[PDB]
């Protein structure tokens, strides 16, 4: 059986050139036609093209003809998707899918490569506490969290008590602010009787910025 492994996430400025790769392994590879599928955030699946690695038989969708270039290198079982000049509208997740023929369903899929095209520069996140109060306590359960704001690019990993506290944790999806930066909030539901006995700390890690913040949330 064939598995597909794609290149890592890419962050680029507008106007630059990008080339992501899709390498397959296992027997019966010389059957699989490799296609590329685009999925913009919160949207559906868009089929860009397909290439047969054996003889570079490349066919493009009319919507993507001339916008992207699809190539292959059969000596390393790798397919490529290239942009000559990236635009902000190319920010999407790109999958490579394989099928043992043309006009055949794609059974093997890659893990996906996230591409972000923005004019913003790498910036660390600012973390602020969402302190508990009577306005955030009900039914014997208190609510608290952290505000991760103004960072670029994604992702940021948020943990509570160094990964020990997982029950009741809600980390919301990031939202792209008008300033080109991302903002995020993570909240947890805890018993209202542990606000003095227990200390709650949110662990914010932004590896692209090499930023690590351990903010403690205390009732005020």
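Numbering follows the first chain given and starts at 1.
A.B. asks: Looking at the entry, does 134-142 or 78-86 show the higher mean C-alpha B-factor?
C.D. replies: 134-142 has the higher mean C-alpha B-factor.
A.B. asks: Select between 24-32 and 184-192 the stretch whose C-alpha atoms have the higher average B-factor in the entry.
C.D. replies: Result: 24-32.
A.B. asks: Reading the B-factor column of the entry, which of 99, 129, 110, 124 has the highest value at its C-alpha atom?
C.D. replies: Of the candidates given, the C-alpha B-factor peaks at 129.
A.B. asks: Specify which of 56, 171, 179, 69 carries the largest Cα B factor in the deposited PDB entry.
C.D. replies: So the option with the highest C-alpha B-factor is 69.
A.B. asks: Should residue 48 be placed in the lowest, middle or highest third of its chain by the C-alpha B factor in the entry?
C.D. replies: Lowest third - that is where residue 48 ends up once the chain's C-alpha B-factors are sorted.
A.B. asks: Among all modelled residues of this chain, ranked by Cα B factor, put residue 106 in the bottom, middle or top third, i.e. lowest, middle or highest.
C.D. replies: Highest third, going by the recorded CA B-factors of the chain.
A.B. asks: Among the modelled residues of its chain, does the C-alpha B-factor of residue 153 lie in the lowest, middle or highest third?
C.D. replies: Bottom third by C-alpha B-factor.
A.B. asks: Sort the modelled residues of this chain by their C-alpha B factor and say whether residue 37 lands in the lowest, middle or highest third.
C.D. replies: Bottom third by C-alpha B-factor.
A.B. asks: Please place residue 175 in the lowest, middle or highest third of its chain according to the CA B-factor in the PDB entry.
C.D. replies: Lowest third, going by the recorded CA B-factors of the chain.
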